[PDB]
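*Asks:* Please find the sequence and an experimentally derived structure below.
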Amino acid sequence: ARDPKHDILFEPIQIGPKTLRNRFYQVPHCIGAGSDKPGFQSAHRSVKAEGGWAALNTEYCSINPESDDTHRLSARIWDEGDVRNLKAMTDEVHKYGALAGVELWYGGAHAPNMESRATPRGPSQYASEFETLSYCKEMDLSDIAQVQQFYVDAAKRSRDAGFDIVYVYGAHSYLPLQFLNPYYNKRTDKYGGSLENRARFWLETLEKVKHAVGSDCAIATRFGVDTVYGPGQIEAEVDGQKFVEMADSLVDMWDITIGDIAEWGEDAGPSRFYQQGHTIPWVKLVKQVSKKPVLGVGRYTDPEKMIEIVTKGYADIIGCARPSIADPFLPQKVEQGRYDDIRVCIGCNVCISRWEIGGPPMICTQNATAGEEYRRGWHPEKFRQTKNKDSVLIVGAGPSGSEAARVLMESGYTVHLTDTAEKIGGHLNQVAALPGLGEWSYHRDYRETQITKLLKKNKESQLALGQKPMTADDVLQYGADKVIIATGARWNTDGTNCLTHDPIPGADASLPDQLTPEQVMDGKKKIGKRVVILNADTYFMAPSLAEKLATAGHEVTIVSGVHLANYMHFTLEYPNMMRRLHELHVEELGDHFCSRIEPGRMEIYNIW
Amino acid sequence: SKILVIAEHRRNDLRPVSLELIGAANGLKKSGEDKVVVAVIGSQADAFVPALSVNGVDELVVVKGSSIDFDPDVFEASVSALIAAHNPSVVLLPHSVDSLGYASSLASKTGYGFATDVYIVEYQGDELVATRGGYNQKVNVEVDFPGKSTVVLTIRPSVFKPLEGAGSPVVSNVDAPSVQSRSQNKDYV
Amino acid sequence: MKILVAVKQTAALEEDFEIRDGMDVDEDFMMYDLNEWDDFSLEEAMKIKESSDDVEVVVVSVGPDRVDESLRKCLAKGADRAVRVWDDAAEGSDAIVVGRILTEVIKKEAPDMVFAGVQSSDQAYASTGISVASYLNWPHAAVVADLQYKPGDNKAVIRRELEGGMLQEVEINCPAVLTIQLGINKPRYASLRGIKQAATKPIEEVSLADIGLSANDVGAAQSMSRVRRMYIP
Ligand SMILES: *c1c(C)c(C)cc2c1nc1c(=O)[nH]c(=O)nc-1n2C[C@H](O)[C@H](O)[C@H](O)COP(=O)(O)O
Ligand SMILES: Nc1ncnc2c1ncn2[C@@H]1O[C@H](COP(=O)(O)OP(=O)(O)O)[C@@H](O)[C@H]1O
Ligand SMILES: Nc1ncnc2c1ncn2[C@@H]1O[C@H](COP(=O)(O)O)[C@@H](O)[C@H]1O
Ligand code: SF4
């Protein structure tokens, strides 16, 4: 049963005119649905409402076409069409007793407007440091009044759409933050200069929105209380706290983040760099001055960490984005004391990577039903039950084979899962041993735990590890009705690569001076002093091996025929990864690949 | 009447659990007048008299046998002989690998009270009550031993605290039954 | 040549089980399966069988009808024959009473070697095997982590796993009773076809009268301790 100390997480809390039923709150987050895939939006949020979350928010929700994020996908509330589409989500969230919230967004020059082609407006004219070809027009006084009116009209549409909670969004350096922050705001009139003047845009917006919908909706605000950039942007104990004091009477609930837009992996901290609770030192500064309920995200998945921040008085509410994606049912599982059923977010940011690429639906490393609830009918916690006594053999217990076993066992099937490996997890066991990636092990820990419990209740199923490798004869004679082959992949040993699709002459990882990732991670093969990594992969392997090797004292050079760590731009890991490689003295040679290798030397070429 | 502790040693050294058992025995007496006898068994067990001449020990019987260290046939024969000669109310063995080798054999023959891996012992008036685990340690199980004049317990190590300081026990030596054991200890690895 | 492996079907409890009377946990919260140490016992017998020519491996268990499920698993995992001993009067038989029961079926079977697990996962008496040795009057060793034995020899060499990981070699007369420790080998897993074939096999049922015992020899009434109370600490 639930630990009595977690009872606090299930106490209601008032926010203006509305009541949260418990302290579990899904802050606004992208999913790749917006107002364009109303099925996906309504299923994704409503499964979490069924799962016990007290409030579910849309992602950033454009108030007008001159804040259009195309090629990235935002929600929109521009007209009656959008009101109909989003109301599917509010109706569905209400069916499970949760509040529904919308996040009113205007991006200034950060929105590249590739669909609308309209001109964004801003406190001063700048080219966005994130969208570097996108510029805004400087706002005159009427412009300011016009954009304020956009917020008002969107907030009235939001009430029509059935939302309970309406945000003025001033985090990730969007428009209210731009007026606040002298990095953007160069004005010398009464909206620039002193704090009072810099806050005036966001304060008037809040007053107008509260005036229009406040009797009916909680007015929340999301605030990047510190840009984590040092002086020169917003700092929590300089402008941050003082702004909270100025706005406190207008806000029903504070939702606090850190960081800017170009580097918002400081907010959505990758486990590679940040532990659960990494934001606390900045976030707790808000309750030092606010009299209103406060939340601030921090990759919260553990109820022990959750009651800590509430009992100490650092936050009232547990805000979550990623934990709610990994486990829509995290709150119900805490409520029922089913702690070992919690599917814990690994902080890989693959979910975000989809959004960042611009256009595709979200996917999730832990939760293979994220994005699939509506379009495939896949509920994360409900499984169609088999009507036969079919048995399935599964060769390999890596992420795919172990997922297949888990789902088949939850579906009532007899399964026999087998692997040569000592533990569940396949290639993820070495991957999670790379520098910074220890939390990626939760993906296999969850499956190891679940499989062990499913065997206790599915009595004809079996797990066999440390086995002799299955042969074709072993499979054919095994006695299963269906067989799944999940035997994995390996890194190439002969130089085969995406540029030429052929081996490289002289490449051979059986030679004493050449190694694959697996040989490096195994740790047995000796490595010399001067290391060259030859890279044709754009995700984490080459950078992570470079980190591991330079930290162990090697002199490392990366020769990359593809854009090094390109995919880490999308996971938001790229900036701290580059800082890490720089401070470790890893040398990079971009735009080169290799035509032949020999003992102790290789021939490289410029790709252009 | 008497409480019998069977001490334990290996490769020349007394195993500290021996002191914990003296601890337990002393905490269990139903009167200052009850006496704790400790026995140490081995061909060279006279060497342990110094380490066993400690607070709580009223009699130290050294029993010499065939084996230097633990052997199941020797120990069973030796302990049955100690029990018959000292008629103790309670005999305390460590719950140790050595004791697994013979403890339950002592009980099978005899109809003595027997419980293993005991972590609470107590008298409730005149009935001995022992607590051990159940269902993979998820419960405590309290047991008693009706009409049993001799109860044999094995005791979980690192639970009972040893007495402090030295003692002045009457030492005796005896010989094991010279019967040849059906096993032979060879080397340690 | 015959190796007889005594096996036990152990109880595991669901969260959050309840004490029923105060004399036990409520049955509804109990799941039964093959004692973990018995996989290693059984494997060692199968190693011996597979290392030579002709060795009958028989498994034997004292308990009610539900035990059939665990003896079947043994058949699937290599055992040649399975025997179940029972009478309702044996409920509440302690480790020493079960040792007596096992002794009388072992005599009926007349094996060359007896293997027991070091302890059961549920009650962890660490007593039943060695109680069997005492009633059989057979040489015995407890906590065996290595076994050198060839069928028909007089004479086996074991290693005892002591506190702190250290091992002691012991030469032991046969026939002997050995209690087998975790880690001695790598127990095998039967395949679905193995299990299906095990399903066709008989479980031989043996009563107390069959082994010269009666209601008066068994049960809680004949045991060396008496449960006063179970509680969650
Ligand atoms: C998109 C994606 C998928 C991620 C996970 C976060 C995110 C996304 N879009 C957001 C947006 O539409 N508006 C906004 O205010 N915040 C958005 N987020 C950031 C998210 O809300 C959280 O601030 C971070 O993910 C950190 O919280 P947590 O994941 O550690 O709980
Ligand atoms: N013939 C085989 N028999 C049993 N297991 C195998 C065999 N070949 C490969 N495997 C196992 O398959 C697993 C594949 O896992 P992994 O590489 O993580 O693949 P995936 O990412 O698709 O789940 C490894 O744990 C490996 O040991
Ligand atoms: N009811 C039983 N039937 C057959 N063997 C048993 C039974 N109970 C215990 N054993 C044996 O004793 C072993 C160790 O358990 P124990 O002394 O009961 O903790 C088991 O692995 C079996 O070999
Ligand atoms: S993709 Fe990774 S960071 Fe995102 S919710 Fe899933 S497990 Fe967490």
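*Replies:* Received it, and whenever you're ready, just let me know what you need. Numbers count the residues shown, from 1 in each chain, chains lettered A, B, ... in the order given. Ligands and ions are numbered 1, 2, ... in the order given.
*Asks:* Ramachandran angles for the residue in the stretch 101-250 of chain A positioned nearest to ligand 4?
*Replies:* Closest residue of the stretch 101-250 of chain A to ligand 4, C-beta to the nearest ligand atom: residue A:172 (17.1 Å). C-beta coordinates here come from the backbone N, C-alpha and C atoms, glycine included. With angles defined as degrees, to the nearest 10, residue A:172 sits at phi 50, psi 40.
*Asks:* Surely it and residue A:261 touch.
*Replies:* Yes: contact criterion C-beta atoms under 8 Å: residue A:172 and residue A:261 qualify, at 4.6 Å.
*Asks:* Quickly find the element holding residue C:170.
*Replies:* Assigned by DSSP states H and E, residue C:170 belongs to strand C:167-173.
*Asks:* hmm, that strand in reach of chain B?
*Replies:* Yes: counting by C-beta under 8 Å from any C-beta of the partner chain, chain B is contacted by strand C:167-173 at C:167, C:168, C:169, C:170, C:171, C:172, C:173.
*Asks:* nearest spatial neighbour of whichever residue of the stretch 301-450 of chain A sits closest to ligand 1, skipping sequence neighbours?
*Replies:* Closest residue of the stretch 301-450 of chain A to ligand 1, C-beta to the nearest ligand atom: residue A:322 (3.1 Å). For residue A:322, ignoring the flanking residues on the chain, the nearest one in space by C-beta to C-beta, 6 or more residues apart in numbering or on different chains is residue A:345 at 4.4 Å.
*Asks:* Also residue C:159?
*Replies:* Residue C:159 sits nearest to residue C:146 (C-beta to C-beta, 6+ apart), 3.8 Å away.
*Asks:* Can you give me the neighbour number for the one you found?
*Replies:* Residue C:146 sits with 17 neighbouring residues when counted by other C-beta atoms under 10 Å in any protein chain shown.
*Asks:* With residue A:605 instead?
*Replies:* 11.
*Asks:* Give the partner strands of whatever helix or strand it lives in in its sheet and their orientations.
*Replies:* Using DSSP H and E, residue A:605 sits within strand A:601-606. Using DSSP bridges, strand A:601-606 pairs in its sheet with strand A:592-598 (antiparallel).
*Asks:* which parts of the partner strand are buried?
*Replies:* A:592, A:593, A:594, A:597 (16 or more other C-beta atoms under 10 Å in any protein chain shown).
*Asks:* ok, the second one touching residue A:602?
*Replies:* If I follow you right, that is residue A:593. No: assessed by C-beta under 8 Å, residue A:593 is found out of contact with residue A:602, at 10.2 Å.
*Asks:* Give the residues shared as contacts by those two.
*Replies:* With contacts defined as C-beta atoms under 8 Å, 6 or more residues apart in numbering or on different chains, the residues shared by residue A:593 and residue A:602 are A:534, A:559.
*Asks:* need the contact list for whichever residue of the stretch 51-200 of chain A sits closest to chain C.
*Replies:* Here the residue of the stretch 51-200 of chain A nearest chain C is residue A:52; by C-beta to the nearest C-beta that distance is 19.9 Å. By C-beta under 8 Å, 6+ apart, residue A:52 lies in contact with A:22, A:24, A:329, A:330, A:331, A:332, A:334, A:335.
*Asks:* Tell me which two in those are the farthest apart.
*Replies:* A:22 and A:329 (13.5 Å; C-beta to C-beta).
*Asks:* wait, does the longest helix that chain B contains make contact with chain C?
*Replies:* Longest helix in chain B, counting residues (DSSP state H): helix B:72-86. Yes: judged by C-beta under 8 Å from any C-beta, helix B:72-86 and chain C are in contact via B:72, B:73.
*Asks:* For chain C, give me its nearest residue in chain A.
*Replies:* Proximity of chain A to chain C (C-beta to the nearest C-beta) peaks at residue A:479, 3.1 Å away.
*Asks:* got the residues of chain A near ligand 1?
*Replies:* With C-beta under 6 Å from any ligand atom as the criterion, chain A comes near ligand 1 at residues A:27-30, A:59-60, A:103, A:171, A:222, A:257, A:267-268, A:297-299, A:320-323, A:351-352, A:355, A:362.
*Asks:* just to revisit the earlier point, any idea how far the residue of the stretch 51-200 of chain A closest to chain C lies from ligand 3?
*Replies:* With the distance defined as C-beta to the nearest ligand atom, to the nearest Å, residue A:52 ends up 43 Å from ligand 3.
*Asks:* what ranges do the helices span in the stretch 51-200 of chain A?
*Replies:* For the stretch 51-200 of chain A, the helices defined by DSSP state H, counting those that start in this stretch occupy A:80-95, A:141-160, A:175-180, A:195-213.
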